[PDB]
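Read through the structure below, which is laid out as structure tokens, and then see the notes.
Every chain is numbered from 1, with letters handed out A, B, ... down the list of sequences. As a basis for the values below, the full set of heavy atoms in this structure was taken, side chains included, without hydrogen atoms, waters or symmetry mates.
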Amino acid sequence: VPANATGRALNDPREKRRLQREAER
Amino acid sequence: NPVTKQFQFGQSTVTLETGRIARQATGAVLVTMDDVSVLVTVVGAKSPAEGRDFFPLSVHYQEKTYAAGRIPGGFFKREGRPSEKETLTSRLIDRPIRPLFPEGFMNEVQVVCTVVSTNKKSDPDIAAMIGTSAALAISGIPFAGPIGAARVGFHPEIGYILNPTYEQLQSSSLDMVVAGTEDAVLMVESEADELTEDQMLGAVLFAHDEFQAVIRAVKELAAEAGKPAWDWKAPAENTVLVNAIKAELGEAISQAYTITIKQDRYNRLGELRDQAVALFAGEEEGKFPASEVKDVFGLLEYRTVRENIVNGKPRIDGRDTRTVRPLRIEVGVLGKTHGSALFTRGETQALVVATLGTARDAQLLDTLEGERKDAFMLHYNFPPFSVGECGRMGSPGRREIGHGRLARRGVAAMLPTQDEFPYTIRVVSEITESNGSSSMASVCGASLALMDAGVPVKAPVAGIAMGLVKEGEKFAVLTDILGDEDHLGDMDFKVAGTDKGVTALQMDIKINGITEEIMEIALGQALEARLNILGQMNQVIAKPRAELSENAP
Amino acid sequence: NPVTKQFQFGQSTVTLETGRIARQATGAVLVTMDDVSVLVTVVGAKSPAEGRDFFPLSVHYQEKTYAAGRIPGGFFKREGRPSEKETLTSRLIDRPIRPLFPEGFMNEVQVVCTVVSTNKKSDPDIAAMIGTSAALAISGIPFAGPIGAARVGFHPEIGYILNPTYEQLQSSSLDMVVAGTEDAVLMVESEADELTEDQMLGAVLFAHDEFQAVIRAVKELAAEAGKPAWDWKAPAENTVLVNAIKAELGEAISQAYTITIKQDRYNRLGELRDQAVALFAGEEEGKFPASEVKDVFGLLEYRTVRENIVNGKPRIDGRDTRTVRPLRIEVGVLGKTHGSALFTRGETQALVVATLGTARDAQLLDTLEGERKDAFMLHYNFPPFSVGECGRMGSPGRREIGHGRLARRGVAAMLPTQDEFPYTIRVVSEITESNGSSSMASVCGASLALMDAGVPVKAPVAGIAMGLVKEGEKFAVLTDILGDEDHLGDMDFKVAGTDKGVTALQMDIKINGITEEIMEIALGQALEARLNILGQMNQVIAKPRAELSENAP
Amino acid sequence: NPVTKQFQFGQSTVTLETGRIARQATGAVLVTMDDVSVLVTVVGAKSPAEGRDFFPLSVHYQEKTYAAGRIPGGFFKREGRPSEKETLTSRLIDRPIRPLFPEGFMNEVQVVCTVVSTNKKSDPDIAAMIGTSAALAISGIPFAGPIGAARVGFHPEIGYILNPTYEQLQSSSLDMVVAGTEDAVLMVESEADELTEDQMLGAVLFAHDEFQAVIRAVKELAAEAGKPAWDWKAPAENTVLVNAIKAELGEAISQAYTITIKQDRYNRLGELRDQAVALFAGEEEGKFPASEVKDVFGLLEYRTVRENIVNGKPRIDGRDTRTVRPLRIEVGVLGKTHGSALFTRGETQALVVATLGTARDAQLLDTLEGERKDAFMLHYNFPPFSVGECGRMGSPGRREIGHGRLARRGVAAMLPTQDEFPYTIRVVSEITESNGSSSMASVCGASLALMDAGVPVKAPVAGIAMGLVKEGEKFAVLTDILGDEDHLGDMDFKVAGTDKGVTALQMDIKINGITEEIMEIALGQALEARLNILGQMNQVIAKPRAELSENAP
């Protein structure tokens, strides 16, 4: 897919925060 | 004596050496990042000049060719007047630091960054920003906190890329430069390939989260090799005089900004200025100060306009916060030019002309990293008669070169590669009227003139310049910011793009407190404005002319 | 809404459009004439600068390469410093309009004439002058009458040609630009091929009759879409102080001006000026500023030296009104130059040197219409020591470029073509002394130097700077005006040419009272002077030397 | 009425002509010397400008291309910005004549030297200096005696050559320009091929003996055609105030100068200066006017330090007259540069970088005698941060061109030829700190960078800046003069060279009385200093690197 299609990157700080919010919870 | 500090910025080792070179400047640091060494110096005047009513800050980024192992090109074989990359870097370093000097500071300051060594593999400017931060930290000059900077890229597979090299930036869909302090982002200049607003805000938050290493290392450097802090005391406020004009002749300020006609509003206000200066000219006890009472009134005007905007009142021109000024769009306005467009947004007007040529008309950019051929040139002109004033009609200054790069940044993603279109292109945007962001009118005019000349651009691109006024916990986002409002806002951004995604983003924050959600709301309002403008543009010309111009090679 | 006015200038449909482009300048007009479109904007400041004692008027004529659908040349690929053509055209537009602004107007006025499109067949300067007149008529700024301009060529078969194209100019024997109002002519800039004075006068009256259409169209456009006139107060004259100094001190100034020694007169008139700034400089703790007294003194002096010139008395130097100053001519002054000449007329001296080169030494002119090669260059240098002052040494100014172009116009008719003389000729005229018209001593010196080098010029050329003072119904023509008599005159005409015809004519009228008979008497006296100076020139060198100098290139 | 004076300057006939050309300048002379004709004009302002505290003297040396019979190269085919040779001649004419105007003379003076003819076989600068001397002698402007100038070359068999031609300078081992007066020598600008100090002083004495003819001829020309001498009366010294301040604060300012801490000194002195201003100044009758006392206090400081230097007491910084400030030498300070060095001498630092290129990178000089390719260039940069100040960051000024030609002269003798090293060398000396002679730290950094890069330079070369304070019959030679001490001295010289001989010598004597013995003692102390600096330098890098830098071509 093009760049515009791709979603939130894995190093995106907000994605990391959501991930740690799921692992912690 | 040489105090060297080493830290890890990403995967790159940065070396900040002080004490050895330039020991007579107020601050001087040698920054070595990825085999790129830059010597940054900061000299601050020890006394304020008599009559100095403005802060004289100067930033001079210089790229010496010996850093690349080359002898300068040209007839004189010496480096000369700043190139365009050195003027853009000078303004990229100048923009973040100026808001951070304390209010009332009027001593002259001159930052001079000199690239002295380079491997030619990475841009030498994030090292000049790190060096400016470290020099202003070890100097002692009144400055607010260490700043940091970082360039971000984006490749769909890898994700965001910190401090991308010149080879990493050839396959990336973003080229963003974010600068900020430990708790706020202060500057964003980016270019992109139709990336969503989410992807362009995640980059700003990635860069903000990444250059905190620079701030920590400049705080340790300042706490180790720092000069004693200057004994400069911020002047106190005329609380009394302010709390006075506020009532004595303040309700008339409220009833003078409810006029949308510039003449009437200006006259009625000016009459108030005189009425109130006389009523309490200077502090009351002696009534001696003159400009004091005129500028305490100017502060009650700034606060009044902002309070009204935030409280949900009609703007100075009667519009609401989400209204774009009326647009008049014309294509084909000049008979014998390859492409032409007259774009009017209210009282802002840009006459953009696109010309096509052959490979012999391409510009030879003698860069530090070598020699390139630029087959696209956008030249933004801002003649003083656009603001109804007389002035110098000379060479482009820093403001025109930066406003031409913002427009080029907005339009670049749509332009055809040399394989698709084997011709040089020179867009020339002349600002005939200005009461707002004329750079975004240059982006719209460029799109129109290029689709009128026949250039196979991918899609129509439009730009919008906006602002944000935050007063405590209440904030208001202003669409299509005016010229008067440009200095009245807390964050003024400028978003260009197509109907799919952003192709350029410039932001210049001045306050602390603009969270992520505020930026998402502002960028959504910018998207709706841009889509409105783009839809009105498609009613004139929607696609590149079927056949090339009648006068083009 | 855009008001558009269309009229017929001779055979060309001329369109003036206002209200669409540049609606933030005091006046703006887009002029389309013969597929040439020029945007002209005038901005006048609302209030004059504090302490300003001169009227700042600035005209900037710019040719944009995209008008021709071309990309600029040069390393930077952008329009930078104005070319010689742009400088000359801005001066040409400036000359006719400065005397029209009322006396006492100190507000800054800036005119900008940008060529936005062209078909490369006509000179865009006439359209620029039309746009200047229209914009000044719509601005509301105090201005005296609409001006009209026209270019005239000549052919022996067709007669006079109005606004000739480049192709017509190739065959034409005349290239004259005339500008004037409904009642008078105010500017003539001509380049002829040995045309009699009758033919030049007929061309000036042809142009005056022709551009009445321009004047009428501008008047109608100003009536339709003119901005309200400015409320400007013509300052009153201090007739009490005028009569006071012309009564008590009247005969003193006259006696002073009967002195012929310059230094004695200045010493005798500084004294009188101190006495005047004493007897009447106080009335109520000061009658009026020191400058005011010196201004009424200047004005009275002026009035008296013009009453003396008109009444028949000797001139400031003792000469009659038909005397050419004593001439000293020399050739071969410099040993190693290809050709040299020292021409002295009174206190005006010019050292002119002619050099020969090959076809590689021709100047590559980048013209809006293409790329030409100049095989003749005339450079005029006016150093401050020619007048005995310490000035600045640097790039040639407006006046040096204009004077050099006038000398080139006065000599170009005699230059051989490349077929007979396949060499490049560069003439440099250094003005070593100036107390008159240096440009016409540069024409005489260029003729002498070219003959000395061996260049096969057709015939000798000489020039004479003339003047006319007209008080009421009486007038006097002054031959070989001095540097002090330049501002005293009402018309300043400079005629160059050979003994058979006129090669160049430049007129600058300021009063609305000069008829055709006065210009025939003026051109007859100018002929007598030019033929006396040619008689004296032919005694030194009469024809080019049989052999070229020691070094051909 | 031309006046012509012929005289013999060696075996050349010099012709001075006055009265024919430039008769409105204060003084104008045409000098013809060996088929080189130069017109030199001097103009002096009649009245000093109000609010003028410094003496404005400017010299402008111009080489006109038509003198050589050539059309100038370039796009504009016209002489434009001054070349390096022109700026260097201007400063060479400016050095000997600035100190000769009476101190307190504030009228503006402008000298213009135009080269109008040449046979391309000798340098016109000597003729320019002769013309300057003659014009200043004829002008009448207060000027302390006619000067003379001469160029000296040296050959082992011929001996000394007076005014060598361009051909005689190819086989010569010296290129000295000595300027002086009948009883003193005021300027020496030399470049030698490792000549002994005896052979370098014997040439300044041969030169002083040989140009006395110029002074005699100028005296006769002035006693025959000189204008009356201006009635300029020097402002008498305020012996009263001087005596009172000397008595009250002699020990005060004495002690103030016996402290080496820089800031402490400034403090203590400002306190004694503000105390001195408080008394004896003000508006009350008897209080001396305004800053006159303040400037008398400055003078009282000057006399103090000088009397301290000649009495054998320690210098301002604490050093003796024979100590060279601590040197910190480093080579290879930058990674990607071909050669680099950091030379610190106390508070004078230089970052010298050497870069190697190819034949295409050689500079094209369009000299008056033709076109020459330069395969060695040295560019000296003096940024304002070097001194802790803020200031313009643009083109190199006269000061930088002259200091870089002095460092070039110092290092020129050791460079290889295009047969032993077929490369182009560019040396850029960045003055990162300045508190002394930066040009000699640039000579030492140039040597160290050229050997760090692998250039086969013949031997190490170092330079020392010296001074001499003569207080009556006692004198004191100061080694490694500081920036503060630069103005106190009565003779500042700069001796570059290796351990075998002198390679450059610049003297600027300012008084009369320096005999040959004082110039033998001074150069024998500068030999000791230079040999100490060479000894310290050789402990870092002695010989050129084994092989050309790996990154270099």
Neighbour count above 12 (heavy atom, 6.0 Å) for B:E182 CD: no
Working for salt bridge (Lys or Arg N to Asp or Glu O under 4.0 Å), residues B:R405 and B:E189: CA-CA 10 Å; B:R405 185 68 185 84; B:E189 176 97 352; over 6 Å; no
Atom of B:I329, atom of B:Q536 and distance for their closest heavy-atom approach: CD1-O, 3.9 Å
Shortest non-hydrogen contact between B:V502 and B:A496, atoms and distance: CG1-O, 3.3 Å
Salt-bridge present (B:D490, B:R306; N to O < 4.0 Å): yes
Close side-chain approach of B:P102 to B:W232, heavy-atom, < 4.5 Å: yes
Pairwise distance CZ(B:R151) to CE(B:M129) - rounded to 0.5 angstrom: 10.0 Å
B:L478 CG to B:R322 CZ distance, which is reported to the nearest 0.5 Å: 11.0 Å
Residues, nucleotides or ligands: over 12 heavy atoms within 6.0 Å of B:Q275 CD: yes
Contact summary for B:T348 and B:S438, nearest pair of heavy atoms: CG2-CA, 4.1 Å
Under 3.5 Å: donor-acceptor pair, side chain of B:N243, backbone of B:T239: no
Non-hydrogen side-chain atoms of B:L482 and B:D317 separated by less than 4.5 Å: yes
Check: A:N11 side chain, B:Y160 main-chain N or O, donor-acceptor pair, under 3.5 Å: yes
Heavy-atom neighbours of B:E516 CD exceed 12 at 6.0 Å: yes
Closest contact, heavy atoms only, B:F211 versus B:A179: CZ-C, 4.2 Å
Stepwise side-chain hydrogen bond (donor to acceptor under 3.5 Å, both in side chains) check, B:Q349 with B:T432: CA-CA 5 Å; B:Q349 200 174 49; B:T432 59; 3.1 Å; yes
side-chain contact (heavy atoms from CB on, under 4.5 Å) assessment of B:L406 paired with B:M440: CA-CA 8 Å; B:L406 182 58; B:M440 294 299 101; 3.5 Å; yes
Salt bridge present between B:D508 and B:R95 (N-O < 4.0 angstrom): yes
More than 12 heavy atoms from other groups under 6.0 Å of CD on B:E473: no
Main-chain N/O of B:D320 paired with B:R315 side-chain donor or acceptor, under 3.5 Å: yes
Close side-chain approach of B:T344 to B:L327, heavy-atom, < 4.5 Å: no
Other residues, nucleotides, ligands: >12 heavy atoms within 6.0 Å of B:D183 CG: yes
Worked verdict on B:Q199 versus A:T6 for side-chain contact (heavy atoms from CB on, under 4.5 Å): CA-CA 9 Å; B:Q199 282 183 318; A:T6 300; 4.0 Å; yes
N-O pairing of B:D209 and A:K16 below 4.0 Å: no
Validation row: B:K262, B:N267 side chains within 4.5 angstrom (heavy atoms): no
Under-4.0 Å salt bridge between B:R268 and B:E271: no
Non-hydrogen side-chain atoms of B:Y61 and B:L92 separated by less than 4.5 Å: no
CG-CD distance between B:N435 and B:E485, expressed to the nearest 0.5 angstrom: 9.0 Å
Stepwise salt bridge (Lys or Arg N to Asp or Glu O under 4.0 Å) check, B:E347 with C:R23: CA-CA 8 Å; B:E347 66 274 15; C:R23 313 170 270 121; over 6 Å; no
Step-by-step side-chain contact (heavy atoms from CB on, under 4.5 Å) determination, B:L201 to B:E520: CA-CA 8 Å; B:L201 182 68; B:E520 303 181 301; 3.5 Å; yes
Stepwise side-chain contact (heavy atoms from CB on, under 4.5 Å) test for B:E292 and B:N238: CA-CA 9 Å; B:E292 189 63 62; B:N238 296 55; 3.2 Å; yes
Spacing of B:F105 atom CZ and B:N107 atom CG [to the nearest 0.5 Å]: 4.5 Å
Short side-chain to backbone donor-acceptor contact, B:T503 and B:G410, under 3.5 Å: yes
Enclosure of B:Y302 OH (heavy-atom neighbours >12, cutoff 6.0 Å): yes
Worked check of salt bridge (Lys or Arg N to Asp or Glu O under 4.0 Å) between A:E22 and A:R25: CA-CA 5 Å; A:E22 296 294 327; A:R25 184 270 298 164; 2.9 Å; yes
Geometric cation-pi criterion, B:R399 with B:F382: 6.0 Å, 45°: yes
Beyond-backbone contact of B:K494 with B:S439, side-chain heavy atoms, under 4.5 angstrom: yes
Between CD on residue B:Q255 and CZ on residue B:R265, distance to nearest 0.5 Å: 14.0 Å
Distance-only side-chain donor-acceptor flag, B:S386 / B:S434, under 3.5 Å: no
Neighbour count above 12 (heavy atom, 6.0 Å) for B:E103 CD: no
Within-4.5 Å side-chain heavy-atom neighbours: B:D480 and B:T323: no
Minimum heavy-atom distance B:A144-B:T181, with the two atoms named: O-CG2, 4.3 Å
Ring centroid separation B:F101 to B:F55 under 6.0 Å: yes
Heavy-atom check, side chain of B:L531 versus side chain of B:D499, under 4.5 Å: yes
Member of B:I245, B:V296, B:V240 meeting the side-chain contact (heavy atoms from CB on, under 4.5 Å) criterion with B:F280: B:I245
Spacing of CE belonging to B:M507 relative to CG belonging to B:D492, to within rounding of 0.5 Å: 10.5 Å
Closest non-hydrogen atom pair, B:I431 against B:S429: CD1-OG, 3.8 Å
Side-chain (B:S139) to main-chain (B:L136) donor-acceptor, under 3.5 angstrom: yes
Side-chain (B:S254) to main-chain (B:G250) donor-acceptor, under 3.5 angstrom: yes
Intermediate values then yes/no, salt bridge (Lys or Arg N to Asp or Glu O under 4.0 Å), B:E301 and B:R273: CA-CA 10 Å; B:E301 292 178 3; B:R273 206 160 291 117; 3.3 Å; yes
